[PDB]
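The file protein_9.cif comes next; it holds mmCIF, C-alpha atoms (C1' of nucleotides).
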data_structure
loop_
_atom_site.label_atom_id
_atom_site.label_comp_id
_atom_site.auth_asym_id
_atom_site.auth_seq_id
_atom_site.Cartn_x
_atom_site.Cartn_y
_atom_site.Cartn_z
CA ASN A 1 18.43 98.06 -44.86
CA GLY A 2 15.54 95.91 -46.07
CA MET A 3 14.39 97.91 -49.08
CA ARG A 4 15.14 98.00 -52.82
CA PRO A 5 18.31 99.45 -54.44
CA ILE A 6 16.46 102.13 -56.44
CA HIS A 7 18.18 103.62 -59.51
CA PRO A 8 17.82 107.25 -60.79
CA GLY A 9 16.15 106.31 -64.09
CA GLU A 10 13.36 104.81 -62.02
CA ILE A 11 12.65 108.12 -60.29
CA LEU A 12 12.93 109.69 -63.71
CA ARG A 13 11.02 107.60 -66.21
CA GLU A 14 8.25 106.42 -63.90
CA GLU A 15 7.92 109.75 -62.08
CA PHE A 16 8.58 112.69 -64.41
CA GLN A 17 8.38 111.09 -67.88
CA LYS A 18 4.95 109.64 -67.02
CA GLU A 19 3.53 112.92 -65.63
CA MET A 20 4.65 114.90 -68.65
CA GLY A 21 5.44 112.73 -71.65
CA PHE A 22 9.13 112.98 -72.40
CA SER A 23 10.84 111.53 -75.45
CA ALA A 24 14.42 110.41 -74.89
CA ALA A 25 15.56 111.72 -78.28
CA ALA A 26 13.87 115.10 -77.88
CA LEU A 27 14.96 115.20 -74.26
CA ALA A 28 18.56 114.67 -75.40
CA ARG A 29 18.77 117.76 -77.57
CA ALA A 30 16.75 119.50 -74.87
CA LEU A 31 19.64 118.69 -72.55
CA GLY A 32 22.26 119.44 -75.21
CA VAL A 33 23.51 115.84 -75.25
CA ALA A 34 23.41 112.80 -77.53
CA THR A 35 20.43 110.48 -77.31
CA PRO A 36 22.20 107.31 -76.06
CA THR A 37 23.70 109.37 -73.24
CA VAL A 38 20.13 110.00 -72.07
CA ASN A 39 18.64 106.67 -73.01
CA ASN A 40 21.40 104.84 -71.09
CA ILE A 41 19.92 106.20 -67.85
CA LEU A 42 16.40 105.24 -68.97
CA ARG A 43 17.88 101.82 -69.70
CA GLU A 44 18.74 101.86 -65.98
CA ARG A 45 22.32 101.24 -67.06
CA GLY A 46 23.39 104.59 -65.64
CA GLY A 47 24.98 106.50 -64.42
CA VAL A 48 24.11 110.06 -63.56
CA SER A 49 27.05 112.39 -64.13
CA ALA A 50 27.70 115.46 -61.98
CA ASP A 51 27.51 117.78 -65.00
CA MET A 52 24.39 115.81 -65.91
CA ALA A 53 22.72 116.42 -62.56
CA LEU A 54 23.49 120.12 -63.00
CA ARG A 55 21.75 120.26 -66.37
CA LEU A 56 18.78 118.26 -65.09
CA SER A 57 18.14 120.77 -62.32
CA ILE A 58 17.74 123.46 -64.98
CA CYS A 59 14.94 121.69 -66.84
CA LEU A 60 13.07 120.53 -63.76
CA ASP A 61 13.45 123.56 -61.45
CA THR A 62 14.99 121.29 -58.83
CA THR A 63 18.41 121.29 -57.22
CA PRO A 64 21.20 119.36 -58.96
CA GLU A 65 21.90 117.55 -55.70
CA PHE A 66 18.39 116.09 -55.95
CA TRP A 67 19.25 113.94 -58.96
CA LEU A 68 22.68 113.12 -57.48
CA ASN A 69 21.65 112.26 -53.92
CA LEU A 70 19.41 109.33 -54.82
CA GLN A 71 21.94 108.24 -57.42
CA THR A 72 24.72 107.63 -54.89
CA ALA A 73 22.29 105.98 -52.44
CA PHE A 74 21.66 103.39 -55.13
CA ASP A 75 25.29 102.22 -55.48
CA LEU A 76 25.65 102.02 -51.74
CA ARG A 77 22.93 99.45 -51.31
CA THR A 78 23.81 98.01 -54.69
CA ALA A 79 27.31 97.12 -53.55
CA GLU A 80 26.01 96.47 -50.03
CA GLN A 81 23.79 93.84 -51.58
CA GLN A 82 26.43 92.59 -54.00
CA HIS A 83 29.88 92.32 -52.34
CA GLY A 84 29.12 94.28 -49.16
CA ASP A 85 29.58 91.35 -46.80
CA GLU A 86 33.09 90.76 -48.16
CA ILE A 87 34.57 94.19 -47.32
CA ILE A 88 33.54 94.02 -43.65
CA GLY A 89 35.79 91.07 -42.88
CA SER A 90 38.97 92.60 -44.29
CA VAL A 91 38.47 96.03 -42.67
CA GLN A 92 39.12 96.37 -38.95
CA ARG A 93 37.59 99.31 -37.07
CA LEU A 94 39.69 102.01 -35.39
CA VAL A 95 39.18 103.77 -32.04
CA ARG N 1 34.25 127.76 -52.79
CA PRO N 2 34.36 124.01 -53.36
CA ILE N 3 35.39 121.35 -50.84
CA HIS N 4 37.89 118.68 -51.92
CA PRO N 5 37.93 114.95 -51.09
CA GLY N 6 41.18 114.96 -49.10
CA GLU N 7 40.68 118.35 -47.47
CA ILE N 8 38.09 117.00 -45.06
CA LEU N 9 40.18 113.89 -44.49
CA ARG N 10 43.75 115.09 -44.03
CA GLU N 11 42.66 118.20 -42.12
CA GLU N 12 40.30 116.25 -39.83
CA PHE N 13 41.07 112.55 -39.44
CA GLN N 14 44.60 111.73 -40.68
CA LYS N 15 46.39 114.54 -38.85
CA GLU N 16 44.33 114.89 -35.67
CA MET N 17 44.11 111.20 -34.87
CA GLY N 18 46.15 108.43 -36.40
CA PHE N 19 49.13 107.31 -38.38
CA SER N 20 49.86 107.61 -42.07
CA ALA N 21 48.41 105.88 -45.12
CA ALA N 22 50.49 102.69 -45.01
CA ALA N 23 48.82 101.29 -41.88
CA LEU N 24 45.51 102.81 -42.99
CA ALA N 25 45.82 100.91 -46.25
CA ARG N 26 45.72 97.39 -44.85
CA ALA N 27 43.17 98.67 -42.33
CA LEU N 28 40.90 99.57 -45.24
CA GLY N 29 41.83 96.36 -47.08
CA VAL N 30 43.31 98.12 -50.11
CA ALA N 31 46.86 98.93 -51.28
CA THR N 32 48.75 102.03 -50.12
CA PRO N 33 48.66 104.05 -53.40
CA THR N 34 44.84 103.99 -53.33
CA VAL N 35 44.85 105.74 -49.95
CA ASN N 36 47.36 108.59 -50.26
CA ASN N 37 45.78 109.54 -53.59
CA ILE N 38 43.05 111.23 -51.57
CA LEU N 39 45.61 112.80 -49.29
CA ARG N 40 47.36 113.94 -52.48
CA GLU N 41 43.88 115.31 -53.20
CA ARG N 42 43.83 114.74 -56.94
CA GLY N 43 40.67 112.69 -56.67
CA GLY N 44 40.12 108.97 -56.58
CA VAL N 45 37.25 108.67 -54.11
CA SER N 46 35.66 105.26 -54.44
CA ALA N 47 31.96 104.62 -53.72
CA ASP N 48 33.17 101.35 -52.25
CA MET N 49 35.61 103.24 -50.05
CA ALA N 50 32.83 105.18 -48.31
CA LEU N 51 31.37 101.88 -47.11
CA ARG N 52 34.84 100.94 -45.87
CA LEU N 53 35.52 104.47 -44.56
CA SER N 54 32.45 104.65 -42.33
CA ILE N 55 33.75 101.54 -40.56
CA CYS N 56 37.14 102.88 -39.36
CA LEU N 57 35.75 106.28 -38.44
CA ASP N 58 32.44 105.09 -36.85
CA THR N 59 30.55 107.41 -39.17
CA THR N 60 28.02 106.82 -41.91
CA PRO N 61 29.19 105.89 -45.42
CA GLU N 62 26.74 108.52 -46.64
CA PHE N 63 28.82 111.14 -44.82
CA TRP N 64 31.90 110.77 -47.01
CA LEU N 65 29.87 110.44 -50.22
CA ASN N 66 27.72 113.52 -49.60
CA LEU N 67 30.73 115.86 -49.68
CA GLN N 68 32.16 113.88 -52.59
CA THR N 69 29.31 114.57 -54.99
CA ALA N 70 29.17 118.15 -53.70
CA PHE N 71 32.82 118.41 -54.71
CA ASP N 72 32.28 117.56 -58.37
CA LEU N 73 29.29 119.85 -58.36
CA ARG N 74 31.04 122.97 -57.03
CA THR N 75 34.21 122.47 -59.08
CA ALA N 76 32.27 122.09 -62.32
CA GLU N 77 29.97 124.93 -61.31
CA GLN N 78 32.51 127.60 -62.24
CA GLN N 79 34.19 125.22 -64.64
CA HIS N 80 31.60 124.12 -67.20
CA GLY N 81 28.73 126.08 -65.67
CA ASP N 82 28.66 129.02 -68.09
CA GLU N 83 28.53 126.60 -71.01
CA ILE N 84 25.77 124.62 -69.33
CA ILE N 85 23.26 127.44 -68.82
CA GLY N 86 23.36 128.57 -72.45
CA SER N 87 23.26 125.16 -74.14
CA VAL N 88 20.46 123.74 -72.00
CA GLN N 89 16.94 124.96 -72.72
CA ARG N 90 14.37 124.90 -69.91
CA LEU N 91 11.43 122.48 -69.86
CA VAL N 92 7.88 122.80 -68.50
CA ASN Z 1 12.28 76.53 -73.30
CA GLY Z 2 13.80 74.21 -73.71
CA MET Z 3 17.12 75.58 -72.42
CA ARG Z 4 18.58 78.72 -70.84
CA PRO Z 5 19.94 81.40 -73.15
CA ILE Z 6 23.73 81.31 -73.41
CA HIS Z 7 25.81 84.36 -74.31
CA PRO Z 8 29.00 84.32 -76.45
CA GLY Z 9 31.08 85.87 -73.70
CA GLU Z 10 30.11 82.87 -71.61
CA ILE Z 11 31.54 80.40 -74.11
CA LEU Z 12 34.45 82.83 -74.39
CA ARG Z 13 35.63 83.71 -70.85
CA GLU Z 14 35.11 80.16 -69.61
CA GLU Z 15 36.18 77.75 -72.37
CA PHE Z 16 38.83 80.11 -73.82
CA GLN Z 17 40.05 82.79 -71.36
CA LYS Z 18 40.35 80.16 -68.60
CA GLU Z 19 41.97 77.38 -70.70
CA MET Z 20 44.65 79.68 -72.07
CA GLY Z 21 45.05 82.81 -69.98
CA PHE Z 22 43.63 85.82 -71.75
CA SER Z 23 43.49 89.46 -70.74
CA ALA Z 24 40.88 91.77 -72.23
CA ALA Z 25 43.35 94.54 -72.97
CA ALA Z 26 45.88 92.27 -74.66
CA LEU Z 27 43.14 90.45 -76.50
CA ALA Z 28 41.98 93.85 -77.71
CA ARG Z 29 45.23 94.76 -79.41
CA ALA Z 30 45.47 91.14 -80.55
CA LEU Z 31 42.11 91.58 -82.28
CA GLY Z 32 42.95 95.08 -83.50
CA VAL Z 33 40.14 96.73 -81.52
CA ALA Z 34 39.72 98.95 -78.45
CA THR Z 35 39.58 97.31 -75.03
CA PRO Z 36 35.96 98.19 -74.06
CA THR Z 37 34.70 96.71 -77.33
CA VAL Z 38 36.26 93.45 -76.16
CA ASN Z 39 35.42 93.66 -72.47
CA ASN Z 40 31.79 94.49 -73.22
CA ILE Z 41 31.48 90.95 -74.57
CA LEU Z 42 33.12 89.57 -71.41
CA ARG Z 43 30.72 91.74 -69.42
CA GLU Z 44 28.15 89.87 -71.52
CA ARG Z 45 26.39 93.14 -72.31
CA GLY Z 46 26.94 92.03 -75.88
CA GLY Z 47 27.40 91.47 -78.61
CA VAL Z 48 29.28 89.71 -81.41
CA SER Z 49 29.77 91.65 -84.64
CA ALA Z 50 30.10 90.08 -88.08
CA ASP Z 51 33.50 91.69 -88.70
CA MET Z 52 34.43 90.64 -85.17
CA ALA Z 53 33.65 86.93 -85.64
CA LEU Z 54 36.03 86.97 -88.61
CA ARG Z 55 38.74 88.41 -86.40
CA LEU Z 56 38.25 85.80 -83.70
CA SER Z 57 38.66 82.91 -86.13
CA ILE Z 58 42.16 84.13 -86.95
CA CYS Z 59 43.40 84.14 -83.36
CA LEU Z 60 41.71 80.87 -82.39
CA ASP Z 61 42.26 78.94 -85.68
CA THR Z 62 38.55 78.10 -85.76
CA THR Z 63 35.80 78.97 -88.22
CA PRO Z 64 34.08 82.36 -87.84
CA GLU Z 65 30.69 80.67 -88.02
CA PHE Z 66 31.53 79.00 -84.70
CA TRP Z 67 31.31 82.29 -82.80
CA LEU Z 68 28.39 83.60 -84.83
CA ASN Z 69 26.23 80.49 -84.65
CA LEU Z 70 26.04 80.56 -80.86
CA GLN Z 71 25.42 84.31 -81.08
CA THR Z 72 22.25 84.00 -83.11
CA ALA Z 73 21.04 81.05 -81.01
CA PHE Z 74 21.26 83.25 -77.90
CA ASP Z 75 19.01 86.07 -79.13
CA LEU Z 76 16.58 83.46 -80.30
CA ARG Z 77 15.84 82.03 -76.86
CA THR Z 78 16.35 85.43 -75.35
CA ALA Z 79 13.42 86.83 -77.28
CA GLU Z 80 11.64 83.47 -77.26
CA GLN Z 81 11.62 83.51 -73.49
CA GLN Z 82 11.18 87.26 -73.06
CA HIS Z 83 8.45 88.48 -75.45
CA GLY Z 84 8.12 85.21 -77.38
CA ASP Z 85 4.62 84.42 -76.13
CA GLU Z 86 3.39 87.74 -77.55
CA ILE Z 87 4.90 86.90 -80.95
CA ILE Z 88 2.94 83.66 -81.40
CA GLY Z 89 -0.48 85.21 -80.79
CA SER Z 90 -0.07 88.10 -83.23
CA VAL Z 91 1.37 86.01 -86.08
CA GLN Z 92 -1.07 83.98 -88.16
CA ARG Z 93 0.30 80.90 -89.91
CA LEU Z 94 0.15 80.49 -93.69
CA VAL Z 95 -0.25 77.41 -95.90
CA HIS W 1 40.32 76.44 -92.96
CA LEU W 2 41.46 79.38 -95.10
CA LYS W 3 40.21 82.64 -96.64
CA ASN W 4 39.40 84.66 -98.53
CA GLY W 5 35.74 84.63 -99.54
CA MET W 6 33.29 84.64 -102.45
CA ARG W 7 29.79 86.03 -103.33
CA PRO W 8 27.14 86.37 -100.54
CA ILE W 9 23.36 86.03 -100.60
CA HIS W 10 20.86 88.14 -98.59
CA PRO W 11 17.60 86.88 -96.97
CA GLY W 12 15.33 88.96 -99.22
CA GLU W 13 16.94 87.29 -102.22
CA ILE W 14 16.02 83.91 -100.73
CA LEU W 15 12.64 85.46 -99.98
CA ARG W 16 11.37 86.72 -103.33
CA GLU W 17 12.75 83.61 -105.01
CA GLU W 18 11.46 80.30 -103.55
CA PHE W 19 8.91 82.13 -101.32
CA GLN W 20 7.44 85.57 -102.32
CA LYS W 21 6.83 85.41 -106.07
CA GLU W 22 6.29 81.66 -106.15
CA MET W 23 2.95 80.61 -104.58
CA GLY W 24 2.40 83.92 -102.79
CA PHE W 25 1.17 87.50 -102.64
CA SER W 26 3.09 90.53 -101.37
CA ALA W 27 3.69 92.83 -98.41
CA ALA W 28 0.19 94.19 -97.73
CA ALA W 29 -1.38 90.96 -96.50
CA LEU W 30 2.01 89.66 -95.39
CA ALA W 31 2.47 92.64 -93.07
CA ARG W 32 -0.72 91.95 -91.13
CA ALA W 33 0.18 88.25 -91.14
CA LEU W 34 3.46 89.05 -89.38
CA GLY W 35 1.99 91.67 -87.04
CA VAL W 36 4.25 94.39 -88.40
CA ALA W 37 3.84 97.38 -90.74
CA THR W 38 4.31 97.09 -94.52
CA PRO W 39 7.50 99.19 -94.82
CA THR W 40 9.30 96.85 -92.42
CA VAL W 41 8.51 93.92 -94.72
CA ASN W 42 9.16 95.11 -98.27
CA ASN W 43 12.47 96.51 -97.08
CA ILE W 44 13.77 92.97 -97.22
CA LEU W 45 12.32 92.08 -100.59
CA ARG W 46 13.94 95.36 -101.73
CA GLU W 47 16.92 94.10 -99.67
CA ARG W 48 17.43 97.50 -98.12
CA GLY W 49 17.55 96.57 -94.46
CA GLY W 50 18.60 93.66 -92.28
CA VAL W 51 16.82 90.51 -91.13
CA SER W 52 15.52 91.00 -87.57
CA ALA W 53 16.00 88.33 -84.89
CA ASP W 54 12.43 88.96 -83.80
CA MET W 55 11.20 88.46 -87.36
CA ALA W 56 12.89 85.05 -87.71
CA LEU W 57 10.63 83.81 -84.93
CA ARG W 58 7.68 85.23 -86.84
CA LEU W 59 8.71 83.81 -90.25
CA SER W 60 9.16 80.28 -88.93
CA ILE W 61 5.52 80.42 -87.92
CA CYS W 62 4.07 81.31 -91.35
CA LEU W 63 6.38 79.11 -93.41
CA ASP W 64 6.32 76.12 -91.00
CA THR W 65 10.10 76.34 -90.85
CA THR W 66 12.60 76.95 -88.06
CA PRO W 67 13.45 80.52 -87.04
CA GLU W 68 17.08 79.44 -87.20
CA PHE W 69 16.69 78.94 -90.94
CA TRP W 70 16.24 82.60 -91.75
CA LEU W 71 18.84 83.76 -89.24
CA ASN W 72 21.52 81.32 -90.42
CA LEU W 73 21.68 82.77 -93.94
CA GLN W 74 21.46 86.27 -92.49
CA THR W 75 24.78 86.06 -90.64
CA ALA W 76 26.34 84.15 -93.54
CA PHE W 77 25.38 87.18 -95.60
CA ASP W 78 27.15 89.73 -93.37
CA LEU W 79 30.12 87.42 -93.01
CA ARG W 80 30.45 87.02 -96.77
CA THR W 81 29.60 90.69 -97.30
CA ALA W 82 32.35 91.94 -95.06
CA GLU W 83 34.69 89.15 -96.17
CA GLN W 84 36.02 90.85 -99.33
CA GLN W 85 34.86 94.24 -98.10
CA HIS W 86 36.81 94.78 -94.88
CA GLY W 87 38.68 91.49 -95.22
CA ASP W 88 41.98 92.91 -96.46
CA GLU W 89 42.14 95.20 -93.46
CA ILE W 90 41.11 92.54 -90.93
CA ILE W 91 43.65 89.81 -91.73
CA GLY W 92 46.59 92.23 -91.56
CA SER W 93 45.59 94.04 -88.37
CA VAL W 94 44.73 90.90 -86.41
CA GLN W 95 47.69 88.81 -85.32
CA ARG W 96 47.14 85.15 -84.48
CA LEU W 97 47.28 83.98 -80.88
CA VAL W 98 48.62 80.88 -79.13
CA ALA W 99 46.70 77.79 -80.23
"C1'" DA G 1 70.05 103.21 -39.67
"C1'" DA G 2 65.08 101.88 -42.13
"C1'" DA G 3 60.52 101.74 -43.45
"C1'" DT G 4 57.60 104.86 -46.63
"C1'" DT G 5 55.48 108.32 -49.15
"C1'" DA G 6 55.29 109.91 -53.92
"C1'" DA G 7 55.63 108.48 -58.57
"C1'" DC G 8 55.13 104.95 -63.27
"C1'" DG G 9 52.16 101.53 -65.43
"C1'" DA G 10 48.55 98.18 -66.50
"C1'" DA G 11 44.34 96.40 -65.44
"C1'" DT G 12 39.15 97.04 -65.94
"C1'" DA G 13 35.25 99.78 -66.30
"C1'" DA G 14 33.02 104.20 -66.73
"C1'" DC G 15 30.95 108.06 -69.77
"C1'" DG G 16 30.37 109.93 -73.98
"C1'" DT G 17 29.66 111.13 -79.03
"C1'" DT G 18 29.25 109.11 -83.38
"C1'" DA G 19 26.99 106.01 -86.70
"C1'" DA G 20 23.70 102.09 -87.84
"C1'" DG G 21 19.78 99.59 -87.45
"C1'" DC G 22 15.10 99.21 -86.72
"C1'" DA G 23 8.98 99.98 -86.90
"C1'" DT G 24 4.75 104.17 -87.75
"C1'" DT G 25 2.69 108.14 -90.78
"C1'" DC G 26 2.60 110.78 -95.48
"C1'" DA G 27 3.43 110.40 -100.68
"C1'" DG G 28 3.55 107.83 -105.77
"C1'" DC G 29 2.23 103.82 -108.39
"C1'" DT G 30 -0.37 99.53 -110.30
"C1'" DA O 1 -9.33 101.97 -105.94
"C1'" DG O 2 -6.05 100.01 -104.65
"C1'" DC O 3 -1.26 99.02 -102.44
"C1'" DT O 4 4.68 99.35 -102.94
"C1'" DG O 5 8.78 102.51 -102.81
"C1'" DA O 6 10.23 106.95 -100.40
"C1'" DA O 7 10.81 110.37 -96.04
"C1'" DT O 8 11.12 111.00 -91.02
"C1'" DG O 9 10.97 109.78 -86.02
"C1'" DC O 10 11.89 106.73 -82.30
"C1'" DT O 11 15.02 103.52 -79.89
"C1'" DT O 12 19.00 100.45 -79.32
"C1'" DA O 13 23.22 98.58 -81.00
"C1'" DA O 14 28.58 99.07 -81.66
"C1'" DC O 15 32.48 101.52 -81.27
"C1'" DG O 16 36.17 104.55 -80.23
"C1'" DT O 17 38.26 107.87 -76.83
"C1'" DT O 18 38.75 109.35 -72.33
"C1'" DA O 19 38.66 108.86 -66.98
"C1'" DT O 20 39.33 105.93 -61.77
"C1'" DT O 21 42.00 101.53 -59.18
"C1'" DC O 22 45.79 98.24 -57.68
"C1'" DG O 23 51.07 96.26 -58.42
"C1'" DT O 24 55.84 97.63 -58.52
"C1'" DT O 25 59.91 100.43 -58.65
"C1'" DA O 26 62.12 104.45 -56.98
"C1'" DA O 27 63.08 108.19 -53.55
"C1'" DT O 28 62.37 109.68 -49.00
"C1'" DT O 29 62.91 110.34 -43.94
"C1'" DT O 30 64.66 110.64 -37.57
#

Encoded form using structure tokens:
Amino acid sequence: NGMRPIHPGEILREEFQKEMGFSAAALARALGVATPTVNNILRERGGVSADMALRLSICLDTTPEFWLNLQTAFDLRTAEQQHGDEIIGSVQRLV
Amino acid sequence: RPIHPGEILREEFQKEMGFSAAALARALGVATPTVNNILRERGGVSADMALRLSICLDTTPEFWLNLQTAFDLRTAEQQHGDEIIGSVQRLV
Amino acid sequence: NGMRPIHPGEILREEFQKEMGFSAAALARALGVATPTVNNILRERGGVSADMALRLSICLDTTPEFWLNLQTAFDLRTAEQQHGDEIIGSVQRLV
Amino acid sequence: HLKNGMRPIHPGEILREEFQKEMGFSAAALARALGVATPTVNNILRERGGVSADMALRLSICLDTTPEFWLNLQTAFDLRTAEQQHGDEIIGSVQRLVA
DNA sequence: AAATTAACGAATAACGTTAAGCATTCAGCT
DNA sequence: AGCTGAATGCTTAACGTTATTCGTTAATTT
């Protein structure tokens, strides 16, 4: 707690895309998917699919869990920041 | 080879500790059908649930989500995996 | 500058959905379109189509220009406030 | 408060007449005046294309008019365009709501 | 004797592919 | 000695179709 809710397209576009110049359209067919599908993640609108993470790992010689792990961590502190306070009151802890 | 959402719940928490989904429902602040859907194991794991789930079970929310994403991954691995390797061309 | 930009779905969900109770799914089939198409306007992601505005006028017994006029006014002070400063510098006035 | 509609008019029609041919020169100088490339511009005089929202802000500047001017006739175009075009299909498929 | 788990059904909101709309860089005129 | 109409790429819009989440009835289970 106390840091930003970082999205996947942030660790994509400003990390990989900047080191080697990637074009969303060319990247799409490189991934075997339609352009908007790709560009919707670059638009930070998300999200990363599980089949998506699997294909990404192929291109980038990483593990598919890599692209998925930071993705889920986003939502957590997205919703934690959005409605997170509200769920705590309704839920009562168990032994 | 994969691990399901409800397999690590029903076989760990629901059976070896407490009572059934009805009481668990209002304890999690959601309706009953939402809960047993995971016990019925056909999917339905919320991201929002994990935040709620960590609370009852004194665990981290990250715990329940880590196996969740790993689920989709391993299921689809044999499922769409063959199609994925061929269609996707490697990058530098 | 001088006012905040206002989206169509704002003058929709508030003035209309709240005054007479609307439901995005039912409004969808009432408008002859798929639900997300409708709810994407309520989500204020945008945006109002020209064929759409014509459809709305039928349901709401208003003119189609009503829904379109506020649409164009939005983009105007969206872009005016976003990149608008950059536009003024690059454009040179004519007689 | 009734349809259906009649003949539309595009922005590039209201461009070449009243603005482009009268008192003025064409797309080469006009491009650089608007900060955009030539093809973007003549596409409207040729009427193949739409009127941008970003352009309307730029046109108001050159022609000492409001940006709303150019955008108002733009939507009226699409509305009137689609009015006879998809109009038959739209009236039938859409059923009026409580009002 | 009596809740309750499993099943229908609608809501919204994802993801996705498809199709259209937009500004640079080579070719054909004026 | 030019500059407008084509041809191609990018992105972003709009849309439809297809999946996950709560009410409510029905069947179950001491």

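Here atom CA of residue 18 of chain Z is placed at a distance of 20.5 Å from atom CA of residue 68 of chain Z.
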
Got a sec: who's within 10 Å of residue 46 of chain Z, counting only C-alpha atoms (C1' of nucleotides), leaving out chain neighbours fewer than 4 positions off, as a PDB file with C-alpha atoms (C1' of nucleotides), keeping the file's coordinate frame?
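around_33.pdb, written as the output of this step:
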ATOM      1  CA  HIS Z   7      25.810  84.360 -74.310  1.00  0.00           C
ATOM      2  CA  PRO Z   8      29.000  84.320 -76.450  1.00  0.00           C
ATOM      3  CA  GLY Z   9      31.080  85.870 -73.700  1.00  0.00           C
ATOM      4  CA  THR Z  37      34.700  96.710 -77.330  1.00  0.00           C
ATOM      5  CA  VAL Z  38      36.260  93.450 -76.160  1.00  0.00           C
ATOM      6  CA  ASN Z  39      35.420  93.660 -72.470  1.00  0.00           C
ATOM      7  CA  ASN Z  40      31.790  94.490 -73.220  1.00  0.00           C
ATOM      8  CA  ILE Z  41      31.480  90.950 -74.570  1.00  0.00           C
ATOM      9  CA  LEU Z  42      33.120  89.570 -71.410  1.00  0.00           C
ATOM     10  CA  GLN Z  71      25.420  84.310 -81.080  1.00  0.00           C
TER      11      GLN Z  71
ATOM     12  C1'  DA O  13      23.220  98.580 -81.000  1.00  0.00           C
ATOM     13  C1'  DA O  14      28.580  99.070 -81.660  1.00  0.00           C
TER      14       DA O  14
END

Please return as a PyMOL selection string every residue within 10 Å of (33.9, 103.9, -41.5), taking into account all atoms listed in the file and the file's own coordinates. (chain A and resi 91-94) or (chain N and resi 28+49-64)

What residues in chain N have any atom no more than 12 Å from chain G when counting all atoms listed in the file, and can you write them as a PDB file with C-alpha atoms, keeping the file's coordinate frame?
ATOM      1  CA  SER N  20      49.860 107.610 -42.070  1.00  0.00           C
ATOM      2  CA  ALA N  21      48.410 105.880 -45.120  1.00  0.00           C
ATOM      3  CA  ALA N  22      50.490 102.690 -45.010  1.00  0.00           C
ATOM      4  CA  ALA N  23      48.820 101.290 -41.880  1.00  0.00           C
ATOM      5  CA  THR N  32      48.750 102.030 -50.120  1.00  0.00           C
ATOM      6  CA  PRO N  33      48.660 104.050 -53.400  1.00  0.00           C
ATOM      7  CA  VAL N  35      44.850 105.740 -49.950  1.00  0.00           C
ATOM      8  CA  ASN N  36      47.360 108.590 -50.260  1.00  0.00           C
ATOM      9  CA  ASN N  37      45.780 109.540 -53.590  1.00  0.00           C
ATOM     10  CA  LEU N  39      45.610 112.800 -49.290  1.00  0.00           C
ATOM     11  CA  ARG N  40      47.360 113.940 -52.480  1.00  0.00           C
TER      12      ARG N  40
END

Taking the file above as input, evaluate the PyMOL selection byres ((chain Z) within 9 of (chain W)) and report the hits as an NGL selection string. :Z and (20 or 27 or 29-33 or 50-51 or 53-65 or 68-69 or 72-73 or 75-76 or 79-80 or 84 or 87-88 or 90-95)

Å distance separating atom CA of residue 28 of chain W from atom CA of residue 49 of chain W, one decimal place: 17.8 Å

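Here atom CA of residue 11 of chain W and atom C1' of residue 2 of chain O stand 28.1 Å from one another.
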